[PDB]
Amino acid sequence: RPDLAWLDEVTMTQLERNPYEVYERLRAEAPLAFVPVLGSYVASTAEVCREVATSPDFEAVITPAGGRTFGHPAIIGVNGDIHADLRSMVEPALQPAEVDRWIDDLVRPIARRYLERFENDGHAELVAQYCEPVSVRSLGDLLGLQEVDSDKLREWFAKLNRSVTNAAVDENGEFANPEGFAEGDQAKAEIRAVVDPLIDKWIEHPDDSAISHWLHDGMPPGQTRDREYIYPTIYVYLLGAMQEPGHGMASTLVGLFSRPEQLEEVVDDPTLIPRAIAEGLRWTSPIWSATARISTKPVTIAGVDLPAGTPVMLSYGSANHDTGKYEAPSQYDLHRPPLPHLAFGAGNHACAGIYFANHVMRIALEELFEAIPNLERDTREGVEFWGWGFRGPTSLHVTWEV
Ligand code: HEM
Ligand SMILES: COc1cccc(OC)c1O
């Protein structure tokens with residue numbers, strides 16, 4: 001496309017570092033555009049993302065580097081009967097009535113445990129010391145990985161993140177950085193060594209862990225889902241389900257710190273924490289551009305005639321800055337009206353764990369503000385955000401008077 005020749009000079013590092021300038025141009029110039037370094041069409045506006053995500057003429061497809069990492073059948077990358085089974089497999093523990101039975105007793109003790117390690121220090125780096133540990137320890141316990149330390153769960157989702165978002169392609173459409181998949185492969189090898197004995201035990205001795213239920217639920221007597229059939233969805237969980245609540249927490253805190261009067265409002269009135277988190281997810285979407293759909297027949301979208309079999313990346317993080325929907329979207333504003341957002345996706349492949357994720361983030365922020373009501377950002381340190389596929393702050397240094 002001639003007028004978009006500038007996209008030929010967009011680099012993967014630029015998008016990782018800050019994708020918002022390029023995507024602001026895309027939303028104005030070409031809401032559906034082929035980005036050469038990504039090797040794919042990308043949807044940048046709310047209208048196009050929503051249309052593709054909910055269209056009967058599209059189905060799910062995994063991004064190329066996502067497929068290289070996860071294989072088949074990743075719940076995010078399959079359709080039809082297999083997708084229906086995998087959705088029925090994961091949905092029981094995510095049902096709102098079920099989450100509300102036990103989410104407080106799960107997350108609140110975990111939050112307190114991590115807070116107790118630093119709440120009297122006067123200083124902390126909240127990403128590593130609080131947001132990521134609460135996120136992974138909560139989900140890890142739900143899954144049945146109680147004995148996998150939070151440090152290891154965090155390492156796994158970091159390696160899986162880098163492998164899944166190793167998206168850069170060269171002039172021939174080939175992956176430009178094939179060595180970048182190696183740490184994904186090594187994370188998977190470590191996960192197998194840890195989880196295979198757990199699956200061995202759950203097959204014979206089912207318990208209340210989610211993965212035991214993934215093996216046994218809805219199966220004939222004495223049968224379990226094959227472990228090779230469920231492992232790719234385990235990997236999906238060990239990346240985004242482990243990573244994203246911690247990133248949503250942290251981005252919400254950075255946004256609130258950027259509006260000090262609003263941080264004070266939320267500390268004074270913790271019933272505003274859910275609204276603060278919803279704005280945080282719009283403001284810096286944790287899953288920024290990590291899923292995709294593929295056309296199943298010829299379609300015209302945003303003036304582009306697409307053949308059947310065309311993948312389209314859903315850059316929801318860009319859609320959530322659509323100035324057709326929001327005023328000054330790069331500014332965090334708790335008092336924005338509660339409008340629809342796309343941080344959880346849309347359609348049949350929309351996020352399955354919204355209700356759980358929102359509660360994890362809410363409880364974690366509740367306990368943090370109760371423990372450290374005078375929390376302040378350490379302005380001597382910068383906050384850098386990183387990530388095009390998944391985006392969040394790489395650290396969050398804070399201080400408080402002890
Ligand atoms: C703030 C935290 C989270 C955010 C922002 C988020 C966002 C998303 C997004 C954008 C997608 C892709 C939707 C699409 O392609 O249209 C997704 C998929 C998914 N998420 Fe969430 N997620 C979060 C946490 C979680 C958690 C904690 C779990 C599990 C306990 C979870 C389970 C899933 C599943 C199973 C899918 C795949 C759905 C499917 O393909 O059918 N997510 N999520
Ligand atoms: C590409 O990887 C993912 C995409 C969307 C959601 C995920 O975890 C829930 C995830 O791991």
# chains A, B, ... in the order shown; residues from 1 in each chain; ligands from 1

call {"tool": "residues_near_ligand", "arguments": {"ligand": "ligand 2", "cutoff": "10 Å", "atoms": "only C-alpha atoms and all ligand atoms", "output": "ChimeraX atom specification"}}
result
/A:62-67,69-70,74-77,157,160-161,163-165,232-244,286-292,344-345,349-354,389-390

call {"tool": "select_by_dssp", "arguments": {"residues": "region 117-246 of chain A", "states": "strand (DSSP E or B)", "output": "list in words"}}
result
residues 123, 124, 125, 169 and 175 of chain A

call {"tool": "residues_around", "arguments": {"residues": "residue 266 (chain A)", "least_positions_apart": "4", "cutoff": "9 Å", "atoms": "only C-alpha atoms", "output": "MDAnalysis selection string"}}
result
chainID A and resid 256 261:262 270:273 276 369

call {"tool": "closest_atom_pairs", "arguments": {"of": "region 55-160 of chain A", "to": "region 188-203 of chain A", "cutoff": "10 Å", "atoms": "only C-alpha atoms", "output": "tab-separated table"}}
result
residue	atom	partner	partner_atom	distance
A:69	CA	A:188	CA	8.7
A:70	CA	A:188	CA	8.8
A:144	CA	A:198	CA	8.3
A:145	CA	A:195	CA	8.1
A:147	CA	A:194	CA	9.5
A:148	CA	A:194	CA	8.1
A:152	CA	A:191	CA	9.8
A:153	CA	A:191	CA	9.5
A:156	CA	A:191	CA	8.1
A:159	CA	A:188	CA	9.4
A:160	CA	A:188	CA	8.3

call {"tool": "residues_around", "arguments": {"residues": "residue 26 (chain A)", "least_positions_apart": "2", "cutoff": "12 Å", "atoms": "only C-alpha atoms", "output": "PDB file with N, CA and C atoms, in the first residue's frame"}}
result
ATOM      1  N   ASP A   3       0.775   4.669   0.153  1.00  0.00           N
ATOM      2  CA  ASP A   3       0.805   5.786   1.094  1.00  0.00           C
ATOM      3  C   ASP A   3       1.259   5.353   2.488  1.00  0.00           C
ATOM      4  N   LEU A   4       1.301   4.047   2.760  1.00  0.00           N
ATOM      5  CA  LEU A   4       1.806   3.520   4.022  1.00  0.00           C
ATOM      6  C   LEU A   4       3.239   3.013   3.916  1.00  0.00           C
ATOM      7  N   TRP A   6       5.809   4.233   4.921  1.00  0.00           N
ATOM      8  CA  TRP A   6       6.539   4.496   6.163  1.00  0.00           C
ATOM      9  C   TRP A   6       6.504   3.300   7.108  1.00  0.00           C
ATOM     10  N   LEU A   7       5.477   2.446   6.991  1.00  0.00           N
ATOM     11  CA  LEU A   7       5.390   1.253   7.825  1.00  0.00           C
ATOM     12  C   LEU A   7       6.539   0.290   7.566  1.00  0.00           C
ATOM     13  N   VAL A  10       9.119   0.755  10.330  1.00  0.00           N
ATOM     14  CA  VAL A  10       8.750   0.512  11.721  1.00  0.00           C
ATOM     15  C   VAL A  10       9.459  -0.750  12.194  1.00  0.00           C
ATOM     16  N   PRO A  19       4.368   1.454  21.382  1.00  0.00           N
ATOM     17  CA  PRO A  19       3.643   1.292  20.118  1.00  0.00           C
ATOM     18  C   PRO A  19       2.642   2.405  19.836  1.00  0.00           C
ATOM     19  N   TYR A  20       2.421   3.325  20.776  1.00  0.00           N
ATOM     20  CA  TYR A  20       1.265   4.219  20.671  1.00  0.00           C
ATOM     21  C   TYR A  20       1.415   5.257  19.563  1.00  0.00           C
ATOM     22  N   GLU A  21       2.639   5.687  19.253  1.00  0.00           N
ATOM     23  CA  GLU A  21       2.786   6.692  18.203  1.00  0.00           C
ATOM     24  C   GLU A  21       2.466   6.097  16.838  1.00  0.00           C
ATOM     25  N   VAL A  22       2.999   4.903  16.554  1.00  0.00           N
ATOM     26  CA  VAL A  22       2.691   4.240  15.286  1.00  0.00           C
ATOM     27  C   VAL A  22       1.201   3.931  15.198  1.00  0.00           C
ATOM     28  N   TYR A  23       0.615   3.448  16.292  1.00  0.00           N
ATOM     29  CA  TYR A  23      -0.787   3.063  16.221  1.00  0.00           C
ATOM     30  C   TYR A  23      -1.708   4.282  16.151  1.00  0.00           C
ATOM     31  N   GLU A  24      -1.291   5.430  16.680  1.00  0.00           N
ATOM     32  CA  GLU A  24      -2.088   6.634  16.458  1.00  0.00           C
ATOM     33  C   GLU A  24      -2.168   6.953  14.968  1.00  0.00           C
ATOM     34  N   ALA A  28      -5.636   6.628  12.262  1.00  0.00           N
ATOM     35  CA  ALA A  28      -6.065   7.689  11.356  1.00  0.00           C
ATOM     36  C   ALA A  28      -5.886   7.318   9.886  1.00  0.00           C
ATOM     37  N   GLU A  29      -4.806   6.623   9.546  1.00  0.00           N
ATOM     38  CA  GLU A  29      -4.485   6.362   8.146  1.00  0.00           C
ATOM     39  C   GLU A  29      -5.111   5.082   7.616  1.00  0.00           C
ATOM     40  N   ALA A  30      -5.167   4.039   8.437  1.00  0.00           N
ATOM     41  CA  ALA A  30      -5.514   2.718   7.945  1.00  0.00           C
ATOM     42  C   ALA A  30      -5.890   1.825   9.120  1.00  0.00           C
ATOM     43  N   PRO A  31      -7.139   1.907   9.590  1.00  0.00           N
ATOM     44  CA  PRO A  31      -7.575   1.108  10.750  1.00  0.00           C
ATOM     45  C   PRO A  31      -7.331  -0.387  10.600  1.00  0.00           C
ATOM     46  N   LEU A  32      -7.242  -0.867   9.362  1.00  0.00           N
ATOM     47  CA  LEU A  32      -6.766  -2.213   9.051  1.00  0.00           C
ATOM     48  C   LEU A  32      -5.565  -2.066   8.125  1.00  0.00           C
ATOM     49  N   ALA A  33      -4.387  -2.484   8.594  1.00  0.00           N
ATOM     50  CA  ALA A  33      -3.159  -2.222   7.858  1.00  0.00           C
ATOM     51  C   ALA A  33      -2.188  -3.386   7.999  1.00  0.00           C
ATOM     52  N   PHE A  34      -1.472  -3.680   6.916  1.00  0.00           N
ATOM     53  CA  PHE A  34      -0.439  -4.710   6.949  1.00  0.00           C
ATOM     54  C   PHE A  34       0.850  -4.090   7.476  1.00  0.00           C
ATOM     55  N   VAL A  35       1.369  -4.628   8.578  1.00  0.00           N
ATOM     56  CA  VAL A  35       2.576  -4.104   9.216  1.00  0.00           C
ATOM     57  C   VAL A  35       3.724  -5.049   8.872  1.00  0.00           C
ATOM     58  N   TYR A  41      -1.673  -8.290   8.812  1.00  0.00           N
ATOM     59  CA  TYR A  41      -2.617  -7.200   9.022  1.00  0.00           C
ATOM     60  C   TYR A  41      -2.838  -6.994  10.514  1.00  0.00           C
ATOM     61  N   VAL A  42      -3.044  -5.734  10.909  1.00  0.00           N
ATOM     62  CA  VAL A  42      -3.391  -5.405  12.284  1.00  0.00           C
ATOM     63  C   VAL A  42      -4.611  -4.491  12.271  1.00  0.00           C
ATOM     64  N   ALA A  43      -5.502  -4.712  13.232  1.00  0.00           N
ATOM     65  CA  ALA A  43      -6.679  -3.880  13.465  1.00  0.00           C
ATOM     66  C   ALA A  43      -6.343  -2.929  14.608  1.00  0.00           C
ATOM     67  N   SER A  44      -6.469  -1.617  14.368  1.00  0.00           N
ATOM     68  CA  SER A  44      -6.022  -0.639  15.352  1.00  0.00           C
ATOM     69  C   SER A  44      -7.144   0.140  16.025  1.00  0.00           C
ATOM     70  N   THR A  45      -8.337   0.196  15.437  1.00  0.00           N
ATOM     71  CA  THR A  45      -9.417   0.986  16.010  1.00  0.00           C
ATOM     72  C   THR A  45     -10.404   0.093  16.751  1.00  0.00           C
ATOM     73  N   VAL A  48     -12.945  -1.600  14.197  1.00  0.00           N
ATOM     74  CA  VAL A  48     -12.401  -2.720  13.426  1.00  0.00           C
ATOM     75  C   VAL A  48     -12.081  -3.909  14.333  1.00  0.00           C
ATOM     76  N   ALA A 302     -12.858  -2.178   6.669  1.00  0.00           N
ATOM     77  CA  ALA A 302     -12.221  -0.859   6.624  1.00  0.00           C
ATOM     78  C   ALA A 302     -11.707  -0.542   5.221  1.00  0.00           C
ATOM     79  N   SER A 315      -5.156  -5.473  17.928  1.00  0.00           N
ATOM     80  CA  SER A 315      -4.362  -4.625  18.815  1.00  0.00           C
ATOM     81  C   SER A 315      -5.301  -3.840  19.726  1.00  0.00           C
ATOM     82  N   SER A 318      -4.372  -0.548  21.321  1.00  0.00           N
ATOM     83  CA  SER A 318      -4.589   0.631  20.484  1.00  0.00           C
ATOM     84  C   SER A 318      -6.066   0.994  20.422  1.00  0.00           C
ATOM     85  N   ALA A 319      -6.937  -0.015  20.295  1.00  0.00           N
ATOM     86  CA  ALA A 319      -8.371   0.250  20.235  1.00  0.00           C
ATOM     87  C   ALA A 319      -8.847   0.989  21.477  1.00  0.00           C
ATOM     88  N   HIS A 321      -7.337   3.282  22.978  1.00  0.00           N
ATOM     89  CA  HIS A 321      -7.027   4.706  22.872  1.00  0.00           C
ATOM     90  C   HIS A 321      -7.716   5.348  21.676  1.00  0.00           C
ATOM     91  N   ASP A 322      -8.790   4.735  21.189  1.00  0.00           N
ATOM     92  CA  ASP A 322      -9.501   5.257  20.028  1.00  0.00           C
ATOM     93  C   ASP A 322     -10.155   6.593  20.367  1.00  0.00           C
TER      94      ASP A 322
END

call {"tool": "closest_residue", "arguments": {"among": "A:13, A:95, A:300, A:284", "to": "residue 247 (chain A)", "atoms": "only C-alpha atoms"}}
result
A:284

call {"tool": "atom_distance", "arguments": {"atom1": "CA of residue 246 (chain A)", "atom2": "atom 28 (C, counted along the ligand's line) of ligand 1"}}
result
11.6 Å

call {"tool": "closest_residue", "arguments": {"among": "A:299, A:106, A:263, A:136", "to": "ligand 1", "atoms": "only C-alpha atoms and all ligand atoms"}}
result
A:136

call {"tool": "select_by_dssp", "arguments": {"residues": "region 105-345 of chain A", "states": "helix (DSSP H, G or I)", "output": "VMD selection string"}}
result
chain A and resid 105 to 116 126 to 143 150 to 164 178 to 204 210 to 216 227 to 258 260 to 268 270 to 283 316 to 319

call {"tool": "write_last_selection", "arguments": {"atoms": "C-alpha atoms", "output": "compact mmCIF listing (two decimals), in the first residue's frame"}}
result
# COMPACT_ATOMS: atom_id res chain seq x y z
CA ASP A 105 -10.24 -16.54 51.19
CA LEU A 106 -7.89 -17.20 48.27
CA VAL A 107 -6.49 -13.78 47.43
CA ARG A 108 -6.69 -11.82 50.68
CA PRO A 109 -4.32 -14.08 52.72
CA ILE A 110 -1.91 -14.15 49.76
CA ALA A 111 -1.92 -10.35 49.51
CA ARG A 112 -1.28 -10.03 53.25
CA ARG A 113 1.59 -12.53 53.09
CA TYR A 114 3.47 -10.59 50.42
CA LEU A 115 2.66 -7.24 52.07
CA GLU A 116 4.05 -8.46 55.40
CA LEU A 126 5.76 -3.20 43.62
CA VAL A 127 5.95 -5.17 40.36
CA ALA A 128 8.37 -7.80 41.65
CA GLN A 129 7.47 -7.59 45.34
CA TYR A 130 3.67 -7.44 45.18
CA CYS A 131 1.75 -7.30 41.89
CA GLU A 132 3.32 -10.28 40.13
CA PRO A 133 3.54 -12.53 43.26
CA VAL A 134 -0.11 -11.99 44.24
CA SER A 135 -1.19 -12.64 40.65
CA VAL A 136 0.77 -15.88 40.19
CA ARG A 137 0.30 -17.25 43.73
CA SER A 138 -3.47 -16.79 43.53
CA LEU A 139 -3.82 -18.52 40.16
CA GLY A 140 -1.11 -21.09 40.92
CA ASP A 141 -2.99 -22.24 44.02
CA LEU A 142 -6.28 -22.37 42.10
CA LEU A 143 -4.67 -24.52 39.39
CA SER A 150 6.04 -17.57 42.87
CA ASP A 151 9.56 -16.77 41.61
CA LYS A 152 9.34 -19.73 39.22
CA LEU A 153 5.83 -18.90 38.00
CA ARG A 154 7.03 -15.35 37.28
CA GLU A 155 10.09 -16.62 35.38
CA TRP A 156 7.91 -18.91 33.26
CA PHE A 157 5.46 -16.22 32.20
CA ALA A 158 8.33 -13.87 31.39
CA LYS A 159 10.02 -16.44 29.12
CA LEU A 160 6.69 -17.42 27.53
CA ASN A 161 5.93 -13.72 26.98
CA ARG A 162 9.17 -13.16 25.09
CA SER A 163 8.72 -16.30 22.97
CA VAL A 164 5.07 -15.63 22.10
CA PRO A 178 14.53 -17.77 15.63
CA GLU A 179 16.83 -18.08 18.63
CA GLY A 180 14.24 -16.11 20.60
CA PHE A 181 11.98 -19.17 20.77
CA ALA A 182 14.59 -21.17 22.70
CA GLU A 183 13.68 -19.78 26.11
CA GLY A 184 10.04 -20.55 25.37
CA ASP A 185 11.06 -24.14 24.62
CA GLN A 186 13.12 -24.27 27.81
CA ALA A 187 10.24 -22.92 29.92
CA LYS A 188 7.96 -25.59 28.45
CA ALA A 189 10.54 -28.29 29.23
CA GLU A 190 10.70 -27.13 32.86
CA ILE A 191 6.90 -26.94 33.07
CA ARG A 192 6.65 -30.54 31.81
CA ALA A 193 9.11 -31.77 34.42
CA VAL A 194 7.07 -30.14 37.20
CA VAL A 195 3.53 -30.71 35.95
CA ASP A 196 3.74 -34.22 34.47
CA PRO A 197 4.06 -35.82 37.97
CA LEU A 198 1.12 -33.69 39.15
CA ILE A 199 -1.00 -34.90 36.22
CA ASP A 200 0.10 -38.48 36.97
CA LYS A 201 -1.26 -38.08 40.50
CA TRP A 202 -4.48 -36.25 39.54
CA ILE A 203 -5.43 -38.94 37.01
CA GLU A 204 -5.50 -41.51 39.82
CA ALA A 210 -8.48 -26.72 38.53
CA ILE A 211 -6.10 -28.84 36.45
CA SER A 212 -7.43 -32.01 38.06
CA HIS A 213 -10.90 -30.87 37.00
CA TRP A 214 -9.59 -30.16 33.48
CA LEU A 215 -8.52 -33.81 33.33
CA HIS A 216 -11.74 -35.29 34.75
CA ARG A 227 -2.34 -34.44 28.77
CA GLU A 228 -1.12 -33.47 25.28
CA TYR A 229 -4.63 -32.16 24.61
CA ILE A 230 -4.61 -29.85 27.66
CA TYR A 231 -0.95 -28.76 27.86
CA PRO A 232 -1.24 -25.88 25.32
CA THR A 233 -4.06 -24.34 27.38
CA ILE A 234 -1.92 -24.86 30.49
CA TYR A 235 0.74 -22.78 28.66
CA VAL A 236 -1.87 -20.15 27.78
CA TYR A 237 -2.60 -19.90 31.51
CA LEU A 238 1.06 -19.89 32.54
CA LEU A 239 1.60 -16.84 30.31
CA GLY A 240 -1.37 -14.45 30.26
CA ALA A 241 -3.51 -15.70 33.12
CA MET A 242 -0.42 -15.58 35.39
CA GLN A 243 0.90 -12.28 34.02
CA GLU A 244 -2.05 -10.05 33.29
CA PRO A 245 -3.70 -9.41 36.71
CA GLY A 246 -0.33 -8.30 38.07
CA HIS A 247 0.18 -6.02 35.07
CA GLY A 248 -3.34 -4.61 35.37
CA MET A 249 -2.76 -3.88 39.07
CA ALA A 250 0.54 -2.17 38.34
CA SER A 251 -0.69 -0.11 35.38
CA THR A 252 -3.67 1.01 37.48
CA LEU A 253 -1.28 2.15 40.23
CA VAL A 254 0.93 4.04 37.75
CA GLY A 255 -2.16 5.75 36.34
CA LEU A 256 -3.39 6.68 39.81
CA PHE A 257 0.05 8.02 40.75
CA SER A 258 -0.12 10.21 37.63
CA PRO A 260 -2.46 12.30 42.73
CA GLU A 261 -5.88 13.71 43.64
CA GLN A 262 -7.43 10.52 42.25
CA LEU A 263 -5.05 8.25 44.17
CA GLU A 264 -6.18 10.07 47.32
CA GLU A 265 -9.85 9.56 46.36
CA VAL A 266 -9.38 5.81 45.94
CA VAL A 267 -7.37 5.36 49.15
CA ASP A 268 -10.05 7.31 51.04
CA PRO A 270 -11.81 1.85 48.27
CA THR A 271 -15.23 1.25 46.70
CA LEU A 272 -13.71 3.15 43.75
CA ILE A 273 -11.03 0.48 43.20
CA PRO A 274 -13.07 -1.40 40.53
CA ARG A 275 -13.60 1.80 38.53
CA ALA A 276 -9.91 2.67 38.92
CA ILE A 277 -8.93 -0.75 37.56
CA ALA A 278 -11.32 -0.55 34.60
CA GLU A 279 -9.72 2.75 33.59
CA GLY A 280 -6.25 1.27 34.17
CA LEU A 281 -6.99 -1.59 31.78
CA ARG A 282 -8.18 0.84 29.09
CA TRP A 283 -5.26 3.19 29.74
CA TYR A 316 -6.85 -4.02 21.59
CA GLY A 317 -4.39 -1.77 23.42
CA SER A 318 -4.59 0.63 20.48
CA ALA A 319 -8.37 0.25 20.23

call {"tool": "atom_distance", "arguments": {"atom1": "CA of residue 16 (chain A)", "atom2": "CA of residue 387 (chain A)"}}
result
4.4 Å

call {"tool": "closest_residue", "arguments": {"among": "A:401, A:124, A:38, A:363", "to": "residue 381 (chain A)", "atoms": "only C-alpha atoms"}}
result
A:124

call {"tool": "closest_residue", "arguments": {"among": "A:341, A:17, A:50, A:1", "to": "residue 392 (chain A)", "atoms": "only C-alpha atoms"}}
result
A:17

call {"tool": "atom_distance", "arguments": {"atom1": "atom 19 (C, counted along the ligand's line) of ligand 1", "atom2": "CA of residue 18 (chain A)"}}
result
23.5 Å

call {"tool": "closest_residue", "arguments": {"among": "A:175, A:355, A:118, A:58", "to": "ligand 1", "atoms": "only C-alpha atoms and all ligand atoms"}}
result
A:355

call {"tool": "closest_residue", "arguments": {"among": "A:71, A:36, A:173, A:347", "to": "ligand 1", "atoms": "only C-alpha atoms and all ligand atoms"}}
result
A:347

call {"tool": "decode", "arguments": {"residues": "region 264-280 of chain A", "atoms": "N, CA and C atoms", "output": "short mmCIF file (atom, residue, chain, number, x, y, z; two decimals), in the first residue's frame"}}
result
data_model
loop_
_atom_site.label_atom_id
_atom_site.label_comp_id
_atom_site.auth_asym_id
_atom_site.auth_seq_id
_atom_site.Cartn_x
_atom_site.Cartn_y
_atom_site.Cartn_z
N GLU A 264 -5.63 9.75 46.00
CA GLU A 264 -6.18 10.07 47.32
C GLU A 264 -7.65 9.67 47.41
N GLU A 265 -8.43 9.94 46.36
CA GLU A 265 -9.85 9.56 46.36
C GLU A 265 -10.02 8.06 46.58
N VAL A 266 -9.21 7.26 45.90
CA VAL A 266 -9.38 5.81 45.94
C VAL A 266 -8.91 5.25 47.28
N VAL A 267 -7.82 5.80 47.83
CA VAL A 267 -7.37 5.36 49.15
C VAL A 267 -8.42 5.69 50.19
N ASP A 268 -9.00 6.89 50.11
CA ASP A 268 -10.05 7.31 51.04
C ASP A 268 -11.32 6.48 50.87
N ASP A 269 -11.61 6.06 49.64
CA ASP A 269 -12.86 5.37 49.31
C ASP A 269 -12.53 4.17 48.44
N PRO A 270 -12.20 3.03 49.06
CA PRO A 270 -11.81 1.85 48.27
C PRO A 270 -12.94 1.24 47.47
N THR A 271 -14.19 1.72 47.61
CA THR A 271 -15.23 1.25 46.70
C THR A 271 -14.99 1.73 45.28
N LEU A 272 -14.08 2.70 45.09
CA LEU A 272 -13.71 3.15 43.75
C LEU A 272 -12.63 2.30 43.10
N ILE A 273 -12.09 1.30 43.79
CA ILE A 273 -11.03 0.48 43.20
C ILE A 273 -11.48 -0.21 41.92
N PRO A 274 -12.67 -0.81 41.82
CA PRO A 274 -13.07 -1.40 40.53
C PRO A 274 -13.09 -0.41 39.38
N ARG A 275 -13.62 0.80 39.59
CA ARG A 275 -13.60 1.80 38.53
C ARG A 275 -12.17 2.20 38.17
N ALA A 276 -11.31 2.33 39.18
CA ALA A 276 -9.91 2.67 38.92
C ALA A 276 -9.23 1.61 38.07
N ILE A 277 -9.54 0.34 38.33
CA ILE A 277 -8.93 -0.75 37.56
C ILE A 277 -9.45 -0.77 36.13
N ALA A 278 -10.77 -0.58 35.95
CA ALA A 278 -11.32 -0.55 34.60
C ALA A 278 -10.64 0.53 33.76
N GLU A 279 -10.43 1.72 34.33
CA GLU A 279 -9.72 2.75 33.59
C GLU A 279 -8.26 2.36 33.36
N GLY A 280 -7.62 1.73 34.35
CA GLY A 280 -6.25 1.27 34.17
C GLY A 280 -6.11 0.31 33.00
#
